[PDB]
Structures are given as C-alpha cells and as structure tokens.
C-alpha cells in the first residue's frame, strides 16, 4: 500500500516521495539520494522534533500519509 510524504529543507525546497509505512529510514534516505544526489551518510531526517534512526522504520515513528519530514543538511 503506497503513500506519499514530503521532505522539506531549510531553504524551503520541498520534494515528494512515494513510500510504504514499513519502509526503513535508510530506504527513505536512498529515495532522497535518487532525487537530490545526496548520499545517505550526508543526510539527517527529523520528524516531530526527533531524529530518525538508521535501521528503524517509518511506522516506528508513526509517519503517515502526507507527513512532512525535515531534511537537515548541517550537523
């Protein structure tokens, strides 16, 4: 069951991803890599103020249709 989420950055640029609720956070980072050419190891994702950890899953943070993730590019 596909669904669509948004990823936003500090510059206000927004991209749209198609994802599954069981998709691991590293799959999300690889989809960001597909769109933006940014390596997974050079990304941080934030949802609801908390960091999305590698090896976990989108549902583990209760991320659902049309949620907006925040892509951090300075750490």
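Residue numbers count along the first chain shown, from 1. For the two forms, the rigid core is made up of the largest set of C-alpha atoms that agree within 1.5 Å on superposition.
Trainee: Between 51-59 and 6-14, which has its CA atoms farther from the current form in 5 other deposited structures of this protein, using a rigid core superposition?
Mentor: Once the cores are fitted, 6-14 deviates more in 5 other deposited structures of this protein.
Trainee: State which stretch shows the higher mean Cα B factor in the entry: 56-64 or 14-22.
Mentor: Taking the mean C-alpha B-factor of 56-64 and of 14-22, the larger value falls to 56-64.
Trainee: May I ask you to compare 45-53 and 32-40 by their mean CA B factor in the entry and name the higher one?
Mentor: According to the PDB entry, the answer is 45-53.
Trainee: Give the position of residue 3 by CA B-factor within its chain, expressed as the lowest, middle or highest third.
Mentor: Highest third of the chain for residue 3's C-alpha B-factor.
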